[PDB]
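# Survey of secondary and tertiary structure
Okay, here's what each chain looks like letter by letter:
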Amino acid sequence: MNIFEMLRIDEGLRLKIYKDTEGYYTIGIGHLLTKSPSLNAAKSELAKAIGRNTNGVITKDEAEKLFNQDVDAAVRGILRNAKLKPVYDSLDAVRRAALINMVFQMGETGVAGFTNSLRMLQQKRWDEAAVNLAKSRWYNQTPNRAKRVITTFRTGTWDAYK
Ligand SMILES: [Cl-]
Ligand SMILES: [Cl-]
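Residues numbered from 1 in each chain as written, not as in the entry; some residues may be left out. Chains lettered and ligands numbered in written order. Heavy atoms only, no water.

### With respect to the environment of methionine 106
Rule in force here: The numbering of helices and of strands both runs from the N terminus, where a helix is a DSSP run of H or I of at least 4 residues and a strand a run of E of at least 2. Each residue is placed in one exposure class: buried if its accessible area under a 1.4 Å probe, protein chains only, is under 20% of its type's maximum, exposed if it is over 50%, and partly exposed if it falls in between. The contact criterion used throughout is that any non-hydrogen atoms of two residues lie within 4.5 Å.
Summarising the element assignment, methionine 106 is placed in helix α5 (residues 93-112). For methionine 106, a relative accessible area of 26% gives the class partly exposed. Separated by 91 residues in the primary sequence, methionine 106 and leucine 15 have C-alpha atoms spaced 22 Å apart. Those residues in contact with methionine 106 that lie beyond four places of it in its chain are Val111, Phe114 and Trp138.

Structure follows, in structure tokens:
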């Protein structure tokens, strides 16, 4: 298992514009298009993302390409953020994947907001950090995904995904 297969399990793949859990227009493997309510603002963003007129639908290849870019952005965002980088540096390979996942879903800003949990992860206090991470809107709104990520941080293995 690796970050790509992990995110593919969590986000799934859809080839036609859909609404995410928050109700925002998305496509492919969790690629957010706009927080705007307009399906048209959605289609325009999509065409700009793909480089072509698409009318709401993309191919598998186009989806995976947006996916590669988004994972790359996720990592670069962490490496550039003063709060996230030290945490990431401090973790093993599996747990690193778990932080990437959170960033992919909620953005650098959001994750950066979990100050206490981040301090706990840096300190390697696994159980305490798992407990703190669960007291969040994140855990409340997407509990099954949140549990999977959390378990990854607690254990440092891929078991929740196997
Ligand atoms: Cl893009
Ligand atoms: Cl969920």
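There is more to say, and it comes next.
### Observations concerning the UniProt feature "active site" in the protein
Rules: UniProt positions are given in the numbering used here, feature names are shortened, and annotations may be inferred rather than shown by experiment. Only protein atoms enter the 1 Å grid, on which a cavity is a set of points fitting a 1.4 Å probe that cannot get out and a pocket is an open set with protein on both sides within 12 Å along at least 5 of 7 lines, lining residues being those with an atom within 4 Å of a point.
Residues annotated by UniProt as "active site" correspond here to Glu11 and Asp20. Cross-referencing the annotated residues with the lining of the largest pocket gives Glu11 and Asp20. Position of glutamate 11 among the secondary structure elements: in helix α1 (residues 3-11). Setting aside anything within four residues of it in sequence, one finds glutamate 11 in contact with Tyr18, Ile29, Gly30, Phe104 and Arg145.

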